[PDB]
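*Asks:* My structure is below; once you've seen it, I'll send some questions.
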Amino acid sequence: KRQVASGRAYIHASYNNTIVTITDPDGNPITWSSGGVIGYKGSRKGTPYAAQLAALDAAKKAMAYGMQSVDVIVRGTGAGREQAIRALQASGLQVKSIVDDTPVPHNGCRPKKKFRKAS
Amino acid sequence: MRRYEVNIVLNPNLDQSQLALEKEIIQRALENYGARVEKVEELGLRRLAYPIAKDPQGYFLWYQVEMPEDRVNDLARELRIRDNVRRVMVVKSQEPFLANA
Amino acid sequence: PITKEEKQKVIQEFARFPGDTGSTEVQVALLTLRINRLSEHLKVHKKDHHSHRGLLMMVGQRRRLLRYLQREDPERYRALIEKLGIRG
Amino acid sequence: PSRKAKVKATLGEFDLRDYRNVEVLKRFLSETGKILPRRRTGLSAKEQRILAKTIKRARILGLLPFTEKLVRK
RNA sequence: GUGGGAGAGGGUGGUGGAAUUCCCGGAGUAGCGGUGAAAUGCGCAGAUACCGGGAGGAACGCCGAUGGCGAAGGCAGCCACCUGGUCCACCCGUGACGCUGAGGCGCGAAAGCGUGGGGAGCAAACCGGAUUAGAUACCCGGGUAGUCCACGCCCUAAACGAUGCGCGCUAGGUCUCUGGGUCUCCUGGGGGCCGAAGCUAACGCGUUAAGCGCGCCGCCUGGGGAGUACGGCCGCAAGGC
Ligand SMILES: [K+]
Ligand SMILES: [K+]
Ligand SMILES: [Mg+2]
Ligand SMILES: [Mg+2]
Ligand SMILES: [Mg+2]
Ligand SMILES: [Mg+2]
Ligand SMILES: [Mg+2]
Ligand SMILES: [Mg+2]
Ligand SMILES: [Mg+2]
Ligand SMILES: [Mg+2]
Ligand SMILES: [Mg+2]
Ligand SMILES: [Mg+2]
Ligand SMILES: [Mg+2]
Ligand SMILES: [Mg+2]
Ligand SMILES: [Mg+2]
Ligand SMILES: [Mg+2]
Ligand SMILES: [Mg+2]
Ligand SMILES: [Mg+2]
Ligand SMILES: [Mg+2]
Ligand SMILES: [Mg+2]
Ligand SMILES: [Mg+2]
Ligand SMILES: [Mg+2]
Ligand SMILES: [Mg+2]
Ligand SMILES: [Mg+2]
Ligand SMILES: [Mg+2]
Ligand SMILES: [Mg+2]
Ligand SMILES: [Mg+2]
Ligand SMILES: [Mg+2]
Ligand SMILES: [Mg+2]
Ligand SMILES: [Mg+2]
């Protein structure tokens, strides 16, 4: 119960899952979705197809709020990052722009051993 | 005594009176710490590349000075005591290094 | 630090004649200058070892020059020590 | 890699030690706030070395960005 | 000596932005996370994803290099102060004042020790999930010491160029960092690569010698036993020599 009609779409994509939030111009979310929000449970959440389904689900739930045009912002590198963006463009939502906001430290914190040989 | 440059970034939302006040305080601290002002440049309000103290702009002051280096750090500390002073950067002066010469 | 008027002052103090820069007396004088300043610097900053090496080197140089002067003309040597007030 | 050319080639005779000059310095940063490598800057060893310093200074002052957001991903 | 230079060389105090964690608030709801696949775990006391604010600690992206500095260990945000070494130009001063260096003294990565702080992230030990014939381990979730600071110890290493320091001599070529110059190029100091002569068992080294020489120091004398035993010295201990 809003009637936003213009907003932001955050695609946060890791290798294990893709979660898509859709928010008002001030960044407060409205609806969100993910691999697990659709049927998938295990590794399949990190699929590009699951990313497509997530983006589309999120966008559908968004257009339920009377959403029309969004600004897409992408965080993270993973399979189905781009596929999430593609699903979003094809969604019927008008995509005004795409941005990579993916956070990186300037040598801040010690990574886990998996992520070592880095800082 | 050595030649320095004092960069000062202030609150753009200051009115005339309070601004004149802050500048007065800067002058007084500068003099009290033994600095002589060779040249001063007031750039005014400028767009920052990122918010400083929540605010997208800043008020720029530039003072080329000479002073007793053993007293330099303190001066900067003094300059930062004020609340309305957002940035202070004191720099050892240098001869201009040109490319395309 | 050591500025130019200071250094020139000590140079013209220990010179053996006008124009003398690098005679043994003047060198021992300059080394005493730098050593004193540096040891004062190391009175605080006890944890700066990289400078302390410098101190060792300067002391070494001074002691070798003095050893030379003692060997050559004992009078100029006694004079130098009495003037600067070193050793002990 | 570096397919246009030489940031240095298009520019006037400028002070590399002026951190207060935004106009000239902004040309040495990429789309993101990252400082351009030598291929792009066209500068020399100590030239580049000085530029890095003055840029970092300008960043501290608030005149130049530390980092930016990439567009059209 | 005078006049210039480059530099993550060292010490003290400041200070900047990104990120992580935690806390407060807003919005939002059914999962998140994690793997080869999973489970533990976390989430309806509302998590994850998004926004704003706050606290705190630690490390400094791009620049960044096949780069620079240091005797070595090692040194990287920015600012100032204090300070070491070094290179060049002038050819000004001293007049062999030199080299090496057993002992001694000091410095000495990481881990470790003592006292007191600090503790975000990481993480020996430990506690769980899995995998496996079994899993102690690899993989996943937690996690204490520790990692950080001060003061005091410890003295080790693939402390590596596996190449002691100094000086003189013996083709060049090519890239590079930093000075000077009559600045296409010559000249000086570093860092690389290909190679003359020569050396080497070979690999390779080759004006940054592993070549030709001189000086001085340290060292080696088949493998295992064994860097063990005994003794001594050092250490709070671990332990070291
Ligand atoms: K050895
Ligand atoms: K030149
Ligand atoms: Mg998954
Ligand atoms: Mg569209
Ligand atoms: Mg303030
Ligand atoms: Mg330094
Ligand atoms: Mg923060
Ligand atoms: Mg909350
Ligand atoms: Mg449960
Ligand atoms: Mg409920
Ligand atoms: Mg805390
Ligand atoms: Mg090393
Ligand atoms: Mg110096
Ligand atoms: Mg002469
Ligand atoms: Mg003579
Ligand atoms: Mg020696
Ligand atoms: Mg002794
Ligand atoms: Mg140690
Ligand atoms: Mg330690
Ligand atoms: Mg301890
Ligand atoms: Mg952990
Ligand atoms: Mg673990
Ligand atoms: Mg060569
Ligand atoms: Mg060379
Ligand atoms: Mg050379
Ligand atoms: Mg041959
Ligand atoms: Mg060769
Ligand atoms: Mg035998
Ligand atoms: Mg042993
Ligand atoms: Mg051993």
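*Asks:* Of C:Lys7/C:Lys83; A:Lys117/D:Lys69; B:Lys92/D:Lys6; D:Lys8/D:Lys73; B:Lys92/D:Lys56, which ones are farther than 23 Å apart at the Cα?
*Replies:* Exceeds cut-off: A:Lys117/D:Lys69; B:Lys92/D:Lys6; D:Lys8/D:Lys73.
*Asks:* Which trypsin sites (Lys or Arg not before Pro) in chain B sit in a loop by DSSP (not H, G, I, E or B) and have at most 13 other Cβ atoms within 10 Å of their own Cβ?
*Replies:* Passing both the DSSP loop test and the Cβ count: B:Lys54, B:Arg80.
*Asks:* Along the Cα→Cβ direction, 7 angstrom out, place labels at B:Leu14 and A:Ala90. What is the inter-label distance in nm?
*Replies:* 5.8
*Asks:* Note down the nm distance, to one decimal, between modelled labels 7 Å out along Cα→Cβ at D:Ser2 and at A:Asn16.
*Replies:* Distance between label points: 4.2 nm.
*Asks:* Also, quick follow-up: Toward the positive end of the charge dipole of chain B, about the Cα centre and with charges on Cβ (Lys, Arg +1; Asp, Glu -1), which of B:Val85, B:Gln16, B:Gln57 goes farthest?
*Replies:* Checking the options against the dipole of chain B, the answer is B:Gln57.
*Asks:* Quick one, can you get me the convex hull of the C-alpha atoms of chain D expressed as volume per residue in Å³?
*Replies:* 93
*Asks:* Among all the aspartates and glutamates, which ones have a C-alpha under 20 Å from C:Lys43's C-alpha, if same-chain residues fewer than 8 places away are not counted?
*Replies:* Filter leaves B:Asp70.
*Asks:* Right, here's the next one. Please arrange A:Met63, B:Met1 by counting, for each residue, the other beta carbons lying within 10 Å of its beta carbon, fewest first.
*Replies:* Least to most surrounded, the residues fall as B:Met1, A:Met63.
*Asks:* Using only Cα atoms, locate the centre of segment A:37-100 and the centre of segment B:55-101, then give the distance between them in Å, rounded to an integer.
*Replies:* 48
*Asks:* Okay, next question. So if we plug the beta-carbon distance of C:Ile81 and C:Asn36 into 1/(1 + (r/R0)^6) with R0 = 25 Å, what FRET efficiency do we get, rounded to 0.05?
*Replies:* 0.95
*Asks:* For chain B, take N as its residue count and report Rg(C-alpha) divided by 2.2 N^0.38 Å.
*Replies:* Its radius of gyration relative to the 2.2 N^0.38 Å reference: 1.12.
*Asks:* Once label points are set 7 Å from the Cα along Cα→Cβ at both B:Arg36 and B:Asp55, what is their separation, rounded to one decimal in nm?
*Replies:* About 3.4 nm, to one decimal.
*Asks:* Within the set of other residues whose C-beta is less than 9 Å from the C-beta of C:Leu69, count the net charge using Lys and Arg as +1 and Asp and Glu as -1.
*Replies:* Neighbour charge sum, excluding C:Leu69 itself: 0.
*Asks:* Sequence neighbours fewer than 8 away in the same chain don't count; with that in mind, list the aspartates and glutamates whose C-alpha is under 18 Å from D:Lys53.
*Replies:* B:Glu5, B:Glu95, D:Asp15, D:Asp18, D:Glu23
*Asks:* Assuming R0 = 35 Å, can you tell me the calculated FRET efficiency for the pair C:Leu56 and A:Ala118, based on Cβ-Cβ distance, to the nearest 0.05?
*Replies:* In this case the efficiency is close to 0.30.
*Asks:* Quick one: plug the Kirkwood hydrodynamic radius of chain C (C-alpha pairs) into Stokes-Einstein at 37 °C, 0.692 mPa s, and report D in µm²/s.
*Replies:* 238
*Asks:* Relative to the longest principal Cα axis of chain A, at what angle does helix A:48-63 sit, 0 to 90 degrees, rounded to 10?
*Replies:* That works out to roughly 40 degrees.
*Asks:* If exposed trypsin sites (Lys or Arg not before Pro) are those in a DSSP loop with at most 13 other Cβ within 10 Å, what is the longest stretch of chain A that has none?
*Replies:* With a cap of 13 other Cβ atoms within 10 Å, the longest stretch comes to A:42-111.
*Asks:* Give me a comma-separated list of calculated 3J(HN,Hα) values for segment B:59-67, in order, Karplus coefficients 6.51, -1.76, 1.60 applied at θ = phi - 60°, integers in Hz, x for any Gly or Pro.
*Replies:* 9, 9, 10, 9, 10, 7, 10, 10, 5
*Asks:* Summing +1 for each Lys or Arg and -1 for each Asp or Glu, what net charge is found among the other residues whose Cβ lies under 12 Å from the Cβ of A:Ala62?
*Replies:* Net charge around A:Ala62: +2.
*Asks:* Check each of the chymotrypsin sites (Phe, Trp or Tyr not before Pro) in segment B:51-101 and keep only those in coil by DSSP with at most 16 other C-beta atoms within 10 angstrom; list them in order.
*Replies:* B:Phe97
*Asks:* Also: Exposed loop sites here are trypsin sites (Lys or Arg not before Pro) in DSSP loop states with at most 12 other C-beta atoms within 10 Å. What is the longest stretch of chain C lacking them?
*Replies:* C:48-86
*Asks:* Within 10 Å of each Cβ of B:41-50, how many other protein chain Cβ atoms are there on average?
*Replies:* Neighbouring Cβ atoms belonging to other protein chains average 4 per residue here.
*Asks:* What does the charge count around A:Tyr49 come to, taking other residues whose C-beta lies under 15 Å from its C-beta (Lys +1, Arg +1, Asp -1, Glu -1)?
*Replies:* +3
Ideal geometry is used to build each Cβ from the backbone, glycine not excepted, and the neighbour counts take in all protein chains shown. Readers should treat all values here as calculations from the given coordinates under stated rules, not as data from a laboratory.
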